[PDB]
Amino acid sequence: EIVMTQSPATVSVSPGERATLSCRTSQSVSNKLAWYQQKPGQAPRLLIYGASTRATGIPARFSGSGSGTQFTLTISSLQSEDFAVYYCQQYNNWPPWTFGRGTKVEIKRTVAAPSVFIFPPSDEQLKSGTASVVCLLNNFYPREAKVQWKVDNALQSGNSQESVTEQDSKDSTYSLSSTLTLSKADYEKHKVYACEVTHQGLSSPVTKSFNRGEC
Amino acid sequence: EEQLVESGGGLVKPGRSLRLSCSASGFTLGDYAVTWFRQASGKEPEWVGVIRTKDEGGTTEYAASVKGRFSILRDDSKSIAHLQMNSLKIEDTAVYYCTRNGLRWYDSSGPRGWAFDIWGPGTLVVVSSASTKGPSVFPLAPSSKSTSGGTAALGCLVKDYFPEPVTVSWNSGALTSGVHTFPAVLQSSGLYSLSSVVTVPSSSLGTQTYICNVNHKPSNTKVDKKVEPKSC
């Protein structure tokens, strides 16, 4: 068989600088080597074939080179829309339907502090017996952030979940969603619901809060 | 403009069957081999099977993990092909793609290689014995507590559904700017839950209708929830 090895698994390049991705084949494949780009939630898209020929509608800042066993994808003046996973695929030796594990390109942009928003549970949810309180960190960078749930100043532990978007295609930031979940009964036992956010872009931790029965 | 689209993914029980379809528009699918791939768990695409062109005998080949369970058929007159999946296993859970081999080269010995220049958007297949369950949709109400500098955030909480996926749009798709739909998280209940948010001008909360359109196909759940400002 012919194995594709891709290096590194992750690359962090600043906007407008040059990204260099490596594909190596366990044996020579001449120039029968294709590159694919797969953006979050999308299928792969063919980038390069013949090692160095750009597909239809592929911007000029993408270029591939190499032959034999060492191949390179180069992305010049990296754009925010270039955040994706990149795959190589040889088709010199039958069969062609194998891809390397892929290299993820992440964009290393400037620091961006998050905007912090809080949402109280809805009357609809509360009537059914549950209270979900949601805290929102919008359009920050880098990805690391600390979200602290406090209830009547008691730091909350073990009753919340969060998820993070992929790096945004337009401005290369992340947004983060943290849901605190309580029973109606526990919810109605306390007054102040707050989330506390610490991020590299914040000169001090930020707090958004509300009092139950205020909204 | 040439395109492919997969259809037919959803929830299926272990041991049961499911048929996926691959539909071509703008070109003659019969000119091409239809190659099926699948992708799970953030790994690279994985070969599932292929059916060759009628010209090459219209025959099929399959990955070792599916041989004997899956089968590929094609109808050139309708520019469509199918992936028939029998005796499904939990490990078959994946996003399935169909592709066209627009790039081909040959020597005297036959085909040497292909590149896959068109892919469909994918269709998710979930094999589980757990039963389907539609989501609850709760508003994330905008308030002084979700407004920053003349910008307000609002959204929808799509809670406790199974399986993936749910889709979310805003005002039937007319509102796209500033939208963040988050990846679903799997709760300890085994049910999924996600949030969709959008930021808008504070000045519009009193006049502009914001409706989130939630669709959960496995459960035939469509919800169009209007999100109402709070006054705190």
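- Header annotation of the entry names X-ray crystallography as the structure determination method and lists the resolution as 2.28 Å.

**A word on the overall build of chain A**
Then comes step 1: Across its full length, chain A holds two helices and 18 strands.
Then comes step 2: For chain A, whose C-alpha radius of gyration is 23 Å, the value lies well above the compact-globule estimate of 17 Å for 215 residues.
Then comes step 3: Once the C-alpha set of chain A is aligned to its principal axes, its extents read approximately 70 × 35 × 30 Å.
Then comes step 4: Burial statistics for chain A: of 215 residues in total, 49% are counted as buried.
Then comes step 5: Considering only contacts within chain A whose residues lie at least 6 apart along the sequence, 59% involve residues at least 24 apart.

**A few points about the state of the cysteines**
Then comes step 1: Applying the stated criterion to the full structure yields five disulfides over all chains.
Then comes step 2: The disulfide partner of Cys23 of chain A is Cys88 of chain A, and the S-S distance across this bridge is 2.1 Å. What sets the handedness of the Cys23 of chain A and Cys88 of chain A disulfide is the S-S torsion sign, and at about 70 degrees it is right-handed. Of the two residues, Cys23 of chain A sits in strand β3 (residues 19–25) while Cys88 of chain A sits in strand β9 (residues 84–90), which places them 65 residues apart along the sequence. Here the two residues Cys23 of chain A and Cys88 of chain A agree in accessibility, since each one is buried.
Then comes step 3: Residue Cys22 of chain B pairs covalently with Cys98 of chain B via a disulfide, S to S 2.1 Å.

**What about the sheet that holds strand β18 (residues 206–211) of chain A?**
Residue and element names in this part refer to chain A.
Then comes step 1: Spatially, four strands are ordered β14-β13-β17-β18 in an open sheet, and the strand pairing comes out antiparallel. Looking along the sheet, the strands with just one partner apiece sit at the ends: β14 (154–155) and β18.
Then comes step 2: Where strand β13 (residues 146–151) and strand β17 (residues 192–198) come together, six bridges link them in antiparallel fashion. When the sheet's bridge partners are listed, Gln148 is paired in β17 with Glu196.

**Considering the pattern of salt bridges**
Then comes step 1: Taken as a whole, this structure holds 19 salt bridges over all chains when the rule is applied.
Then comes step 2: For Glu124 of chain A, the salt bridge is made with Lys225 of chain B, and the minimal N-O distance between the two is 3.8 Å. Note that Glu124 of chain A is positioned in helix α1 (residues 123–127) and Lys225 of chain B in strand β22 (residues 221–226), a pairing that runs across two chains.
Then comes step 3: Assessed through its relative accessible area of 30%, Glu124 of chain A is described here as partly exposed.
Then comes step 4: Among the salt bridges present, the one from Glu56 of chain B reaches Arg52 of chain B, with a minimum N-O distance of 2.9 Å.
Then comes step 5: With a relative accessible area of 16%, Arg52 of chain B lands in the buried category.
Then comes step 6: In this structure, a network of salt bridges that share partners links the residues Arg38, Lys43, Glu46, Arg69 and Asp92 of chain B.

**Side note on the domain arrangement of chain B**
Then comes step 1: According to the domain assignment, chain B consists of domain 1 (3–127) and domain 2 (136–226).
Then comes step 2: On a C-alpha basis, the centres of domain 1 of chain B and domain 2 of chain B stand 34 Å from each other.

**Overview of the pairing of strand β16 (residues 174–183) of chain A**
All names here are of chain A.
Then comes step 1: Extensive coverage of β16 is indicated by the burial of eight of its ten residues.
Then comes step 2: Where strand β12 (residues 130–140) meets β16, nine bridges bridge the pair, whose relative direction is antiparallel. Among the inter-strand pairings, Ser132 is bridged to a residue of β16, identified as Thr181.
Then comes step 3: Strand direction decides the pairing type here: strand β15 (residues 160–164) and β16, joined by five bridges, are antiparallel. Its bridge partner lying in β16, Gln161 is registered against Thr179.

**Focus on the domain arrangement of chain A**
Residues and elements named next belong to chain A.
Then comes step 1: Per the domain assignment, the segments of chain A are domain 1 (4–107) and domain 2 (115–211).
Then comes step 2: Its C-alpha centre places domain 1 at a distance of 38 Å from the equivalent point of domain 2.
Then comes step 3: Here domain 1 packs against domain 2, burying approximately 630 Å² in sum over the two surfaces, 43% of which is carbon and sulfur.
Then comes step 4: Joining domain 1 to domain 2, the criterion identifies one salt bridge.
Then comes step 5: Where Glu166 meets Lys104, a salt bridge forms, and the shortest distance between an N and an O atom there is 3.2 Å.
Then comes step 6: Viewed at the interface, domain 2 and domain 1 are joined by six residue pairs in polar contact.
Then comes step 7: Looking at side-chain class alone, the side of domain 1 that touches domain 2 contains three nonpolar, one polar and three charged residues.

**A word on the packing of aromatic side chains**
Then comes step 1: Taken as a whole and assessed by the stated rule, the structure comprises 19 aromatic pairs over all chains.
Then comes step 2: Ring centres of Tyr87 of chain A and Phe99 of chain A lie 6.5 Å apart, and the angle between their planes is 70 degrees; this geometry places the pair in the edge-to-face category. Of the two residues, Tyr87 of chain A sits in strand β9 while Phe99 of chain A sits in the loop between β9 and β10 (103–107), which places them twelve residues apart along the sequence. Accessibility classification places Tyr87 of chain A together with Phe99 of chain A in one group, the buried group.
Then comes step 3: On the numbers, 5.5 Å between centres and 70 degrees between planes, the contact of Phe99 of chain A with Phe37 of chain B is edge-to-face.

**Quick word on the nonpolar core**
Then comes step 1: Formed by 71 residues in total, the largest nonpolar core has its most connected members in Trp35, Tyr36 and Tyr86 of chain A together with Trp36, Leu83, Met85 and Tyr96 of chain B.
Then comes step 2: Ignoring sequence-local partners within four residues, the contact set of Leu83 of chain B consists of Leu18, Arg19, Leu20, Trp36, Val48, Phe70, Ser71, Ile72 and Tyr96 of chain B.

**As for the interface of chain A and chain B**
Then comes step 1: Facing 48 residues of chain A, the contacting portion of chain B comprises 50 residues.
Then comes step 2: Together, the buried faces of chain A and chain B total about 4100 Å²; carbon and sulfur atoms form 65% of this surface.
Then comes step 3: The tally of links between chain A and chain B comes to two salt bridges.
Then comes step 4: A salt bridge links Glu214 of chain A to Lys145 of chain B, with the nearest nitrogen and oxygen atoms 3.4 Å apart.
Then comes step 5: At the junction of chain A and chain B, the tally comes to 15 residue pairs in polar contact.
Then comes step 6: At five residues, β12 of chain A tops the list of elements feeding residues into the side of chain A that touches chain B.
Then comes step 7: For the side of chain A that touches chain B, the residue count by class is 22 nonpolar, 18 polar and eight charged.

What counts as what
- Residues numbered from 1 in each chain as written, not as in the entry; some residues may be left out.
- Chains lettered and ligands numbered in written order.
- Heavy atoms only, no water.
- Helix = DSSP H or I, 4+ residues; strand = E, 2+ residues; numbered from the N terminus.
- Rg over C-alpha atoms; globule rule 2.2 N^0.38 Å.
- Buried < 20%, exposed > 50% of the residue type's maximum accessible area, 1.4 Å probe, protein only.
- Contact = heavy atoms within 4.5 Å.
- Disulfide = S-S within 2.5 Å.
- Pairing = 2+ DSSP bridges.
- Salt bridge = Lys/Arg side-chain N within 4 Å of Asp/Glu carboxyl O.
- Domains from an automatic or database assignment.
- Buried area = accessible area lost by both parts, 1.4 Å probe.
- Polar contact = N/O pair within 3.5 Å; in protein donor to acceptor, adjacent residues only side chain to side chain.
- Nonpolar A, V, L, I, M, F, W, Y, C, P; charged D, E, K, R; others polar.
- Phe/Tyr/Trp six-rings, centres within 6.5 Å; stacked < 30°, edge-to-face > 60°.
- Core = buried A, V, L, I, M, F, W, Y, C linked by side-chain atoms within 4.5 Å.

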